[PDB]
Amino acid sequence: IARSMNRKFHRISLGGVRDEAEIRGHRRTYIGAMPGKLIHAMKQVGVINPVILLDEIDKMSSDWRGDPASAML
Amino acid sequence: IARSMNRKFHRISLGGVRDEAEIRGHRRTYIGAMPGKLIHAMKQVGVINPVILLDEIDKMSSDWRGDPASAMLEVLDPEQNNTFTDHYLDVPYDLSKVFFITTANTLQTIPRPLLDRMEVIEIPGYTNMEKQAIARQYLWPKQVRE
Amino acid sequence: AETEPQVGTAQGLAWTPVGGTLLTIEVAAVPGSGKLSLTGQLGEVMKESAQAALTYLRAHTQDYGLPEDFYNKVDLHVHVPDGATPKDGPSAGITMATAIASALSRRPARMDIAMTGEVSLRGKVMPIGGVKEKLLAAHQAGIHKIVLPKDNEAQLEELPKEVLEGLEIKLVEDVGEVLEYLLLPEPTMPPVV
Amino acid sequence: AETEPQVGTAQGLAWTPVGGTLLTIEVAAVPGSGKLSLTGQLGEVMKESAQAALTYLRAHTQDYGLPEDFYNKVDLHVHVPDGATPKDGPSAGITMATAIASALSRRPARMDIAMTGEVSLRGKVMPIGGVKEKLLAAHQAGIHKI
Amino acid sequence: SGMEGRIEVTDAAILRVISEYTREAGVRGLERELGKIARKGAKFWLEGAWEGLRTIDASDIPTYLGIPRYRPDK
């Protein structure tokens, strides 16, 4: 699909994510805080029209540590 | 392996990495200066050939400071490492002839994209007579010398 | 390893991350009302393996000379020494059935033969994992007979060549083969009841 | 250390991280229907050692003069004083076997001899850990037979 | 794997690998088995030498893969 539309392909891997501090980022009051994984994805491609495949979305675990599939909404 | 290719040898170790900012360094705005742990290894070796050992990939994690597995995907894939940059050096560096060797103990804690870029070699421990042979040939003369 | 046939026990194999070990399964059959105690810090899958082996033996009483009604006259106790180490998985079914059959029929079992494999309810031997560590541990302790599932003969290639010269592996598919090969043919003890 | 031989009581040894102590195991055989109570807030390995010793005694009942049917006529209660102290491990098997056999056979057990060791169903005694602390604790309480 | 074509498998060999070495709904394990065959062919090209195509039929499957670790009869 990426080659047929002539866009850029990039793959975000989920499933190891376990809280919302990597989908959305973290406040820059805390030292060394970084934005989310989609800002990292869209800075690697150089356009505002890539295609991004979110592999293994069903493997995200909600638990005592955090809820990552609340920022996915 | 480094001997049979007339290369030089170096070792790195990834067990400690808790953050992304230990693989790529920091810019010149801060008063101190500490570049990433890769070019910092390649300062110690003279050429751009040598083998680089990567130890315990399966022992690393992240806490609100970025994923080191993305930086490992950047440094290991042979078409993204040709334009691999730093935050301290701020220029693309050539990584095309170093021969990376990776080393782990466990499979289920290696990150999912890094598993696709690897073929696995399992080393099945030892038996008693071959541990006896290793102790006769290699370990006991060393411990006698030092 | 032991060297004497002992009524009520059988030699098995186990897998640890630091290598293989040796399990010994002990079974006693005392007069009672029909119970099944399972001690030795056993996991749940190993308890279910013991229950599957016992249910297989309750359906084939006349095939092995078992007492006709041990389901309500005999209490069974299965103990896996030592008592402080935790144990699991399904690999011990054939050792369970050999120990229980020797304890009920009061005929001894050979202790110079290690064995491994999962049992089903029809008496089929299913393949297991971690085989070469178990075979190394069986070789380093002076055991020269192995009973192994037939679906694991594709697993013997990973052994060192010097190891599998000394061993002689018998491949099985049925539990009746194992009970014919391990038990000594005539009893040595009086019956339970 | 007690001085007189008691019925249904054996002198044991225990290991704590501040030294060793003495265990006393008391049992009672009363007419009932056959069941086993285990008080003293014992651990799980402790209780499994108790019923392994009881299974060994049920298997060999002509050797020691036990009654032929105590599996459905006698209730057994195994108490390890004191309460409000937790106790575990497998090292008290030969002590429970002596205590239960003394309670069932009505023969007194000597109390000037301390014991430790693990029991199995075939009646094999297996090694333990903590021998130095236990034997130093038995020596300063006045016991000279182990 | 560096070969431009010095080695070739047959259709019976493909069905042999599918039915006795993979048990899955997809084609990932089949990919790894074919890559195993190709890499040991690349090793055999350097330790030995030949010419033309090296045809790999079904009976030469267990030389490259070993004793079969599944069975198609279920």
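Values in this text are rule-based calculations from the coordinates and carry no lab data. Every residue, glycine as well, gets a Cβ built from its backbone with ideal geometry; the counts of neighbours run over all protein chains shown.
Worth pointing out:
- In the range B:120-134, the residues that are more than 8 Å from chain C (Cβ to nearest Cβ) form Cβ pairs under 8 Å with partners that are exposed (fewer than 11 other Cβ atoms within 10 Å of the Cβ), at six or more places apart or across chains, as follows: B:120/B:107.
- Whichever residue in the range A:30-70 is of a type in the set (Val, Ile, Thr) and within 12 Å of chain B (Cβ to nearest Cβ) and, among such residues, is surrounded by the most Cβ atoms within 10 Å (Cβ to Cβ): A:39
- Picking from residues in the range C:87-106 that are surrounded by fewer than 20 Cβ atoms within 10 Å (Cβ to Cβ) and not in a strand (DSSP E or B), the one that is nearest to the other protein chains (Cβ to nearest Cβ) is C:106.
- Inter-residue pairs, beta-carbon under 7 Å, first within 14 Å of chain D (Cβ to nearest Cβ) and assigned to a loop (DSSP other than H, G, I, E, B) and in the range C:55-81, second surrounded by 13 or more Cβ atoms within 10 Å (Cβ to Cβ) and hydroxyl-bearing (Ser, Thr, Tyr), 6+ apart: C:81/C:24; C:81/D:120
- Taken as a whole, the range E:57-67 holds no residue that is among the acidic types (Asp, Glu), within 14 Å of chain C (Cβ to nearest Cβ) and surrounded by 14 or more Cβ atoms within 10 Å (Cβ to Cβ).
- Residue selected from the range E:7-38 under the condition touching a strand residue (DSSP E or B) at 6+ places or on another chain (Cβ under 6 Å) and either assigned to a loop (DSSP other than H, G, I, E, B) or among the hydrophobic types (A, V, I, L, M, F, W, C) (or both), by the criterion farthest from residue E:68 (Cα to Cα): E:7
- The range E:56-74 residues that are farther than 22 Å from residue E:39 by Cβ, paired with ones that are of a type in the set (S, T, N, Q) and not in a helix (DSSP H, G or I) (beta carbon under 8 Å, 6 or more apart): none
- Residues in the range C:144-170 that are under 15 Å from the mean Cα position of the chain (by Cα) and either more than 18 Å from residue C:118 (Cβ to Cβ) or within 14 Å of chain E (Cβ to nearest Cβ) (or both): C:145, C:148, C:149.
- Filter result for the condition that a residue is more than 26 Å from residue D:89 (Cβ to Cβ) and either in contact with a strand residue (DSSP E or B) (Cβ under 8 Å, 6 or more places away or on another chain) or within 14 Å of chain D (Cβ to nearest Cβ) (or both), over C:43, C:34: C:34
- Residue in the range C:19-37 that is surrounded by the fewest Cβ atoms within 10 Å (Cβ to Cβ), counting only those that are among the hydroxyl-bearing types (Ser, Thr, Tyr) and part of a strand (DSSP E or B): C:37
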